[PDB]
Structures are given as C-alpha cells and as structure tokens.
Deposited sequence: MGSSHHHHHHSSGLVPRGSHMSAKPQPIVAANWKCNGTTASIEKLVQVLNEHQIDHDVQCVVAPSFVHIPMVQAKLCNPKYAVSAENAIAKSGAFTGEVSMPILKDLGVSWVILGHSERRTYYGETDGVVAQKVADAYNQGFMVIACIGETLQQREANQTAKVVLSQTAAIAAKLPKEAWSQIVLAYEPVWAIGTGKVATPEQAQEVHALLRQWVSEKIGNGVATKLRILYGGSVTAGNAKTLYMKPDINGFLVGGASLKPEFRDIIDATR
C-alpha cells in the first residue's frame, strides 16, 4: 500500500478552548509509523492550529477554497492560503456539492486550479441514498472522478488524494467495510485502466464514511483503503486511535 493518510475534517465546529485542548492531545500522541496526518479546521481557526499543532506527522488543510483572489465577498482563495502557509485543501466535500452549488465540473476545475497552485488535494466523491438505491453507485463515483481526471495531467496525481464519502450512509443506513472496499476497488480499477497502473498503485483512496476506534482497523485492513477522512470522531481524542489503526 502507499503511505496512509488520516485526515481530520472539523467541518464548522470548534471553540478556541476546545481546539487548544484537542491539539495538545494530538501533540502528545506518539506516532511511530509512516503516516500523513492532516487537520482541516474552519478558516478562522487555521492560524491558531498552525501555531499550536506541532506533531511532525501533521499538515494543516483548508476545508474549501476558490481559485482566485478578488471580488468574492466571504470566500477564501488558494493564493491567500498559500501565502498563509497552507498547502492542503479539501475540495468537493458532499456538503459543498449538496448545499453550496458544487457540481462535478465546479469541483473538477477547483481541483485543477489547486493542483496548478501547488496544493495537495483531498478530492471528495460519493453517491447519495437515491443514487445507490437506483443502482447508480459506479456511474456516479466514476463520473465525479472522471470530471476531475479530465482536467489533470498524469503527473498531477502525485498531488491528488481521493476520499470516498458514502453519502447514502451519512445521516440516513450503515455502510459495511465490505461495501467500502467494493467502491474503493472499483475506483482503483478505473484509475488503473484509464489513467495508468503506476498511478493507481500509488493513489491514496481514503474512506470518508463513519470512522471510529471500533472500525478503523477493520477498514484499513481492506486492500484498497488507504486511510480516512474523519468527521465526528476527529473532534475527539479518539482520532489518535484511528491514526494508530493505520499501523
């Protein structure tokens, strides 16, 4: 397997006091294996996370960005993030595709722009309950991935991480580790066939469903799962156990 990644998506949560406490716990956690850890705080919390988080396994990520600076009230741009010293970004999260108008094409352009500006990118894909029940899992996740792929040169993939979000199980159903693996394997096969086998081999495909201390090891044992984009448990000391599972 390629190097695992265990990424915290804090979403729109946190107080300066809760962050301070959790970051201290993350700093005190000994990690002895090769793993890239990532924390994505809300934009206003990025500076304090950059200042307080020093565990050398970690990088700080934005949870979203737009490509260009300018007359975009309320948005944050990739050049602004680069200047701030942030080199990771999550793009196409289900919540943005669902609530905030991010179509496959919008996400694909954002990913190409982030690549071109020197970011590591956690590009999120996933099908809804309606899509899964209509037997459209393969078409949807491949369509979302293909949109991204069409805007990227082959060498860009060293900077791309995929995150599979089983949106159908998030706040609805239960996703099993076998169901997760099945999607990861389909994605890997497609990349292998259409992009290249070398690229498919090195590509990190992260599971972005419900990840807990109770299932992390079981999930990471699956041959096509390379770590996690963790939601709720990433706001808790439990995130350390999740990291430990990738040993």
Missing C-alpha runs, given along the deposited sequence, first residue counted as 1: 1 to 23, 196
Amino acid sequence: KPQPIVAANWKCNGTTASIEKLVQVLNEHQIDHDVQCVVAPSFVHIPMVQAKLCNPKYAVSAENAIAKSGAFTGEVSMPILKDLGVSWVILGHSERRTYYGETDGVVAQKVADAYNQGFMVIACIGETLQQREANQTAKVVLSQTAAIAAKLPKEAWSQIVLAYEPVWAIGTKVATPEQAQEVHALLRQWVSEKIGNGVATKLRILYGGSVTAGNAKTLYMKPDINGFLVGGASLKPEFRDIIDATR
From here on, numbers count along this sequence of modelled residues.
Mean C-alpha temperature factor, higher of 95 to 103 and 74 to 82: 95 to 103
Stretch with the higher entry mean CA B-factor, where the candidates are 179 to 187 and 38 to 46: 179 to 187
Residue 208, C-alpha B-factor rank within chain (lowest, middle or highest third): lowest
Third of the chain, ranked by Cα B-factor, where residue 55 sits: middle
Where the record places residue 157 (Cα B-factor, split into thirds across the chain): middle
Within-chain third of residue 8 by Cα B-factor, per the entry: lowest
Third of chain Cα B-factors occupied by residue 171: highest
